[PDB]
Structure formats: structure tokens, C-alpha cells
Amino acid sequence: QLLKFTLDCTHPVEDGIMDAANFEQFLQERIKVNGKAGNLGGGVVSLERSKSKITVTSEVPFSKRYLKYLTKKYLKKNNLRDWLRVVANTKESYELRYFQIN
Amino acid sequence: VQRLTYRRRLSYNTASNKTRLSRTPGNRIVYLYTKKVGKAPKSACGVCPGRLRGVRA
Amino acid sequence: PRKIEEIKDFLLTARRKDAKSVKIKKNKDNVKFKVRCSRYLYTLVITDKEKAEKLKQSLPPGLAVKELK
Amino acid sequence: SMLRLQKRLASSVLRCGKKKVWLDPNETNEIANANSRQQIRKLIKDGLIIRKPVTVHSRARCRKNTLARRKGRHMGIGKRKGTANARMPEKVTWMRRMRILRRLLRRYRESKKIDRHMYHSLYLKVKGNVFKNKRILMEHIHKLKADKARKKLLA
Amino acid sequence: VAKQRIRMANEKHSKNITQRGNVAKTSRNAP
Amino acid sequence: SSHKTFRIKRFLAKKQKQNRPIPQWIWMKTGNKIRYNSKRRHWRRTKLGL
RNA sequence: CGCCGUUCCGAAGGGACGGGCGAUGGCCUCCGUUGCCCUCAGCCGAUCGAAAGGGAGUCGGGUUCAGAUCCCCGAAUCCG
RNA sequence: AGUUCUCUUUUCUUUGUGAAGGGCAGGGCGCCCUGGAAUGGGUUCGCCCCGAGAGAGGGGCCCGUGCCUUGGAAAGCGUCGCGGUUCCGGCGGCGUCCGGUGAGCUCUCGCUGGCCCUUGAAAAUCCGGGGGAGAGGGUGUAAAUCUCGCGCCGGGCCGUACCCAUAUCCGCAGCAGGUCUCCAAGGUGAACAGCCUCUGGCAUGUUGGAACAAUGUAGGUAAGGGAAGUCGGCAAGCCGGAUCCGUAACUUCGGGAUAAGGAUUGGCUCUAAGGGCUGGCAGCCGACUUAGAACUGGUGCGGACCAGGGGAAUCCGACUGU
Ligand SMILES: [Mg+2]
Ligand SMILES: [Mg+2]
Ligand SMILES: [Mg+2]
Ligand SMILES: [Mg+2]
Ligand SMILES: [Mg+2]
Ligand SMILES: [Mg+2]
Ligand SMILES: [Mg+2]
Ligand SMILES: [Mg+2]
Ligand SMILES: [Mg+2]
Ligand SMILES: [Mg+2]
Ligand SMILES: [Mg+2]
Ligand SMILES: [Mg+2]
Ligand SMILES: [Mg+2]
Ligand SMILES: [Mg+2]
Ligand SMILES: [Mg+2]
Ligand SMILES: [Mg+2]
Ligand SMILES: [Mg+2]
Ligand SMILES: [Mg+2]
Ligand SMILES: [Mg+2]
Ligand SMILES: [Mg+2]
Ligand SMILES: [Zn+2]
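Residues numbered from 1 in each chain as written, not as in the entry; some residues may be left out. Chains lettered and ligands numbered in written order. Part of a larger assembly, values for the part shown. Heavy atoms only, no water.

Its PDB record attributes the structure to cryo-EM, giving the resolution as 2.90061 Å.

Under the annotation held in the PDB entry, chain C carries the name 60S ribosomal protein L38 and is attributed to Oryctolagus cuniculus.

As recorded in the PDB entry, chain A goes by the name Ribosomal protein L22, listed as coming from Oryctolagus cuniculus. Check the Function section of the UniProt entry for chain A; it says "Component of the large ribosomal subunit. The ribosome is a large ribonucleoprotein complex responsible for the synthesis of proteins in the cell." For the record of chain A, the UniProt heading Sequence similarities holds the text "Belongs to the eukaryotic ribosomal protein eL22 family." (UniProt positions renumbered as here; feature names shortened; annotations may be inferred.)

Moving on, we get to the side chain of D:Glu27. Here D:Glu27 shows up in the loop between strand 1 (21–23) and helix 2 (28–32). We note that D:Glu27 is buried and unpaired, the nearest opposite charge coming from E:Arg28 at a distance of 4.9 Å. Within the local environment of D:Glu27, its side chain forms a polar contact with the backbone nitrogen of E:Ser27, the two atoms lying 3.2 Å apart. Ignoring sequence-local partners within four residues, the contact set of D:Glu27 consists of D:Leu48, E:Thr26, E:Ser27 and E:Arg28. (Helix = DSSP H or I, 4+ residues; strand = E, 2+ residues; numbered from the N terminus. Buried < 20%, exposed > 50% of the residue type's maximum accessible area, 1.4 Å probe, protein only. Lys, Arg positive; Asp, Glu negative; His and termini not counted. Salt bridge = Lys/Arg side-chain N within 4 Å of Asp/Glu carboxyl O. Polar contact = N/O pair within 3.5 Å; in protein donor to acceptor, adjacent residues only side chain to side chain. Contact = heavy atoms within 4.5 Å.)

With that settled, consider the side chain of D:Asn26. Looking at the secondary structure, you find D:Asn26 in the loop between strand 1 and helix 2. A relative accessible area of 9% places D:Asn26 in the buried class. Polar contacts involving the side chain of D:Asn26 include one to the side chain of D:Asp24, which spans 2.8 Å. Here the side chain of D:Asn26 touches E:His13 through a polar contact of 3.5 Å, landing on its backbone nitrogen.

Contact with chain D, which involves 14 residues of that partner, is made by 14 residues of chain E. Between chain D and chain E the total buried area reaches about 1,200 Å² when both faces are included, carbon and sulfur atoms providing 55% of it. Of all residues in chain D, D:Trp22, D:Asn26 and D:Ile50 give up the largest surface area on contact with chain E, accounting jointly for 41% of the area buried on that side. Counting every contact that joins chain D to chain E gives one salt bridge. Between E:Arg28 and D:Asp46 there is a salt bridge, with the nearest N and O atoms lying 3.9 Å from each other. Between chain D and chain E we count five residue pairs in polar contact in total. Considering each element in turn, the side of chain D that touches chain E owes the most residues, three residues, to helix 3 (residues 37–46) of chain D. Taken together, the residues that form the side of chain D that touches chain E break down as five nonpolar, three polar and six charged. (Buried area = accessible area lost by both parts, 1.4 Å probe. Nonpolar A, V, L, I, M, F, W, Y, C, P; charged D, E, K, R; others polar.)

Set out below in C-alpha cells:
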């Protein structure tokens, strides 16, 4: 069947702290299917972006937490993990939030 | 892992202190105290070694 | 606790003098009608929503009714 | 102040050890005047008392090693300390073989590949250690069936 | 409650080394 | 121990009440000589024997 | 002062289904109670002796500064 | 939630359902009925079973602490978000999911055996049966009667805190002593051994600082020699695991025996054998083992820990035990 997951970075991108397109590119070149990070398993995992939300669809098994594993990884690359937090918004969405600081 | 304690003051492993584990709705293992195992009646013939049927043990 | 299978015997159990109140619990798959008698909490498990409303309106008068959420 | 009490009650409310209770070092005055579990529950909700995570004890090292052992690594003559029987008792090895070989004969008899007369003869040979494993037994049954079939033809 | 708050408060408390003798009793000034 | 008899628990209680300091007004009585309760007991220093 | 002894040199049962007599009662109809008599009765050893032996029947959730299978909420059960 | 310089679809945490009732798995039967078995068959790890009735069919019963169900999601927990007096059993959102595997360990249920010149409590208490003295009513508003299902009332007295032990107990004490028990994680490993670690706990054991003389106490190492020391090899030291081989005198034939004496042991990459489920074949699942081979390092490899020195004799006492 079809498994659909989304990432909500609206709050940071609206603050101009991360770019969706740069994030979008990162996912394309990393998402591993059968341990291959190049071809998205042969287009089986399609990655579609919106204005501030990135959606990932896979016709094969694909863990939601895997998106959390890469998302946090990408945040550390950009030295954002000390500000942003990845939380699940629903059964199929993660969103990025701010720690309650001042 | 979680380790158990007796729920009574009898701290010895006697024949009247046997227990069994039980997971509760609160998601913890406790001790429940079993009742002794009953025995069906033996035949009055004093010969047949088996116990009687149709009777609660 | 006792489980009741038929509506007929639930209605009767609600008419016992020792029935104190009826608890109506709605789940995603069924509606449970639980009545507290002297000894047991009898339950009627209803899988049809329509039958539930018909029953709720026909309980004996004077039995305390509580809806549970 | 002296937060021995708050450490004790927070541990009881959090259902963890006193070693996992964390008190905000910047708020000891607020915590100091929490002398009840109702107030401790409020400080827990507020975030002046938190439960520290379990210390990491990862099995990754032994999971990696156990995978190596399944391929034969770290299992040579120099890595054994108990006798061969202690590592794998003979009785258990015998028990597995007997159950396997009797299961085969039972199924072969039921499927009428052998008759009850050949089964009984083979059952007592199996008990005699004649056949080392399943395959050796199955080949012998094949050889027996052919010689019997030849005799049937000659009759 | 977010668990990273444990780190944040610990590091903040470790900053008291420079302000010995005038440590603010409560940082949550409101109330 | 926890397992106690009524007689023992009662004898213990009387020992509990005797173990207190004197009233301070006792000092101001006319012919008074007592300065402190000289019959105080500690559960560790000296034992009851029962 | 006492000791021995524990069924041994003992008239060691105060009980009962039922039956017969009276006396009392009350939902005075008839049933109860009570006293006497008839009948039936081995136990054969008073009593003590175990917070590990035998021995019916309670579990879940919450709750305290300190008590909880004991308090509260709920759901059960044994005995009489 | 942690790490993310690089790598890691990664590592860690967590992922409920009580008693009682019902239903159903599963286990057990020295229970029944048909029937009549040698070309004897059935069967276990071992056994053991049968004309006094086996195999094969079809049934009955006991325990079901296992799963489902009423309990019961309302509760609990995980997590994110809002509230309040804010010391509220506060309120919401989502979740509380699916499989596998084992001579694994702990408890328990059961079947079958072995040991005894050892045979491994009693009573309270409760139950069934045999018997048939009696009782009940004359066709009914039926009666005596009921161990059935509901309903009604009550359960008095005493104990209960905490310590339970390198500081709550006994040793004059917060004494390295003594003092009965239950539960029991990961790795290595034969292992409840030793070594490291998680949960939980602790603050080095009635003080600290600075030095690093002698003499000590406890640990080590020593060229060449190797008991020359000493009453005496005291003390220390050698050996030590496991696999393969080999093994004397004597013997009460059981032993002696790990006799004695050798070889091997790492890491890495492979090969072969050892199974279940489904429908001499095909597919899918698997759990640890054993054996062999190549390559490889400064010959190091039971790398720490754990871990027998051996032989030839004499005296005494058979041995185990005290
Ligand atoms: Mg007892
Ligand atoms: Mg259960
Ligand atoms: Mg053997
Ligand atoms: Mg003392
Ligand atoms: Mg007793
Ligand atoms: Mg048969
Ligand atoms: Mg819930
Ligand atoms: Mg009869
Ligand atoms: Mg207590
Ligand atoms: Mg020291
Ligand atoms: Mg010190
Ligand atoms: Mg000390
Ligand atoms: Mg000292
Ligand atoms: Mg030397
Ligand atoms: Mg030398
Ligand atoms: Mg000499
Ligand atoms: Mg000399
Ligand atoms: Mg020596
Ligand atoms: Mg010898
Ligand atoms: Mg001797
Ligand atoms: Zn019989």
C-alpha cells in the first residue's frame, strides 16, 4: 500500500532559519532504500515538497522514525538542534518547535 | 528487572506460603498467593490406584 | 461481574428492587449498559447504535442513569 | 536549604530512585518550601523536578559480536572453557536425534511408504544407533524398498 | 516536559561561578 | 517486634510516658530539690530487659 | 511444702432424634417454650502445646510528613 | 531521548489488565464403547504396555495459574497541549502494535523412574456413600422438602510505625565477630566462579593536610647458580582451562587416572554436516553447534580473570564421618 509522511518546518522557515529546498535536497541524497541512498530505491519513495511542508510517500515499507532520524541529523549539521525540536504532530506528521526559553 | 517481595509477614518458603506472578492493570508484577491443590476422592475399594471421576478436586 | 446476552433479561435486571443505577458507557465498537445490583454489576454489550438509543429510552423510571465519558 | 525531603518525595512520586531525581539547582528556594506530595506534583509539572534518563547500557557491542559467533568467529579451540559435554550435552544431542528419527518413521508409516513391519524393525535399529542422521535413514529406507520391490517382482 | 531543560538549567547554574555572592534566588521572576 | 502482646505493648507504653523531662515550674516549688529527671532512659544506652 | 501418674484401683455421659405426660405462653388459628417420664449414646480421657505444621474467605486503582491486601473509589468473596 | 567532525533506516527508554464468573486452548487419565492382535505390534531421553484386551476408531472426566470475555478504560502508563485555587484523583489530542526463538534461568503443574535392615505426623475441620426408621398430599391457592438462582442482616477482641544490620538486635560501644529467610538483569564464561556494566544504593567505613628516611605490614620483580638456606623446601614458586593423542607398577578388577608424557589454542575469509512448516520434489522459516581449509600478525593467542606440580618409597589408620 501507500505510506505517507510529512514534515512541518513552518515556524523556522517563516523565521528564515532554515530553507525547505536545502532540506529537500538533503533528503533526496540520503534516504536509504535497501541500503542505497542514490535513487530512492528506484522512485519507489517519492518526495514532494510544499511551501513549508515536505511530504514523503513510499509504496514499500518505510519507517516514520527514519524521517526523524534524518531530520535530527540534518538539524545537527546546521547547528540548530539547540533551538529546534522535532515532535510528532499527528500519526503521520513531525513538526519543528522551539524550546520554551524566555 | 523488577524484583518481588512478599506481601505478608511469613518470610519463609513453607507449604502455606506459595505464590504466583501476576501482571496487574497498573502494569506491575506482584505476588498472588495460590490456594493448595485439591485432590479428587480415592475409591473406597482400597485397591484401584486412580482417583474418582465426575468430582471436583 | 456478570455479562448479559439478551435485552429481555437486562430489562428485567433493571426492574429488580436492588438495582441502584445504570451506567451507560459508549465505546468505538459498542455501547455497554451496566447496572449495579446488590451483588453483581451486570453488563449488556450492544453492537448496534440504534438499538442502544431504543433501550436507553425504555429503562424503568426511577432508576438513576449516568452517562460515562 | 536542605532538600533531603523533596528528593525523597520526588522519588516516591516519580517512582524512580533518588539517584534519578533532578532538582533545579537555580530554584532550591522554590523547592525548599514544597513539603507535600501535592506540591511536589506541581513542581514536577512545572519542570523544577525532572526524572533523569536511564544511563546508557548498549548491547550493540555484543550484538555485533554475537553475529560474528554465528559465523564461527571466536569459537575455536582457544575460546572454550567447559568440556564438550558441558557446552552441548550428549543426552540432549541423543534426545534430538531420537525424536527426529522416530518422527520420520511415524510419518513414513502413516504415509504408507513403509509398513508396520518395516517400521518396527527400523524403530529398534534407530534405538541401536545405526543411523547417524535423517538423510542416512531415508536412504536406507529407499534401499530397502527397492530390494523388497525386486522380491515382489520375483514372486 | 522537555528533557533538554535538565541540560539548560545545569549549564545556567554552572554560570553562577562568575556572580558569586549575588545569585538571584529565583530566575522565574514572573510571578 | 511487630508481633506484640497486649500486656507487652501496654508495659512499653508506660515506659514511654515516664521518659520525659520534668516540668520547669517544679523548680519553683518551695522546698524543691530536683534539678532534672534522673530516671531518663535511652533505647540504646540501657535496655528494658522485656 | 507436695511428688508420681495420664487411663492406670473411677458410679468419669448433664446430651439427643423420637414417643408419652403435664405447666405456660404467642402471628392463642396451632405452633413454641419449659418440667417430668420412656427410649437412644463407646469413645476411654480435663487442660495446655506452633505469629515457619493443619486451618473457609480480597483483589485492582488512588491516597500520607510518616499507615495502608487495613483509609478512600471500584469490583468480589467466606462464614453465620 | 542520546551521538551525528565522519559513520550509523542508528543506540537507549517505554509499549497494562486483578480477584470472582463464563467460554476456549493446552496438559493429564491405572476412565468408557466397538473390536479382536504373531509375519507380534505400540512406545519413551530411559522406560514401559497388551487375550486380565494391544494397535485403530469414537467418546467421558480432572486441572486449565494459559488466551478471550464481563471486570475494563472510566482506571494506569507513555507522550504532546492547555487550563485552575493554582497543594485541582484538572482537562484534552494520540498511543498503549505485530511476529519469532531457546538443554536459556526462576517458579509452578504433571508423567515416569531410582534409594531405604531409613518408608518419611496427628488432630481439628469438611465431604461422599450404604441403609431406610420416618415425613409429606390426595389431584390441589397441592404438601413435606431443596447442597438451585436471586434477595435481607452481621463478622466482636488483640498485633500492625520503623530497623532487621560493616549504626536501630547480642557481644560494656555506631565493635572487621555473631545472628533465620524471600526476590534476583546484560557481557565473558561450563557456571549463582572471577572480571566489567544497567536498575537500585553508597561516599571509602570514628578525621584531614604535607612529605616519601629507617624499621615494618601487604604486594611485586631479579643477572649466573638452583635447596648450597633451614630441624624440615617453611615461604614462595612450577603446573593449571579446553580439544586431540597417550598412560606404568600395583590392584579388593571397582580403580590407580587429569597417572606419567606430548601436541594444539588468536584474528579473519570460507567450506561441510547436523532441522521444522506447508503443498526421493518445491517453496518458506531456524538455532546453536561441530568438523575441515586458506590468509594473516615481531610465535603472540585458556593473552585479564578463572585455573591440580609431578614421580619412587616407608610408617600408621581400611575408607566416608568425629
Ligand atoms: Mg500456618
Ligand atoms: Mg491474567
Ligand atoms: Mg551419556
Ligand atoms: Mg545493643
Ligand atoms: Mg498457626
Ligand atoms: Mg487402545
Ligand atoms: Mg485511557
Ligand atoms: Mg439412599
Ligand atoms: Mg509495616
Ligand atoms: Mg582506603
Ligand atoms: Mg573520609
Ligand atoms: Mg562503621
Ligand atoms: Mg578505621
Ligand atoms: Mg635469580
Ligand atoms: Mg635467569
Ligand atoms: Mg642441607
Ligand atoms: Mg647448614
Ligand atoms: Mg608450601
Ligand atoms: Mg600414583
Ligand atoms: Mg582415618
Ligand atoms: Zn476400585
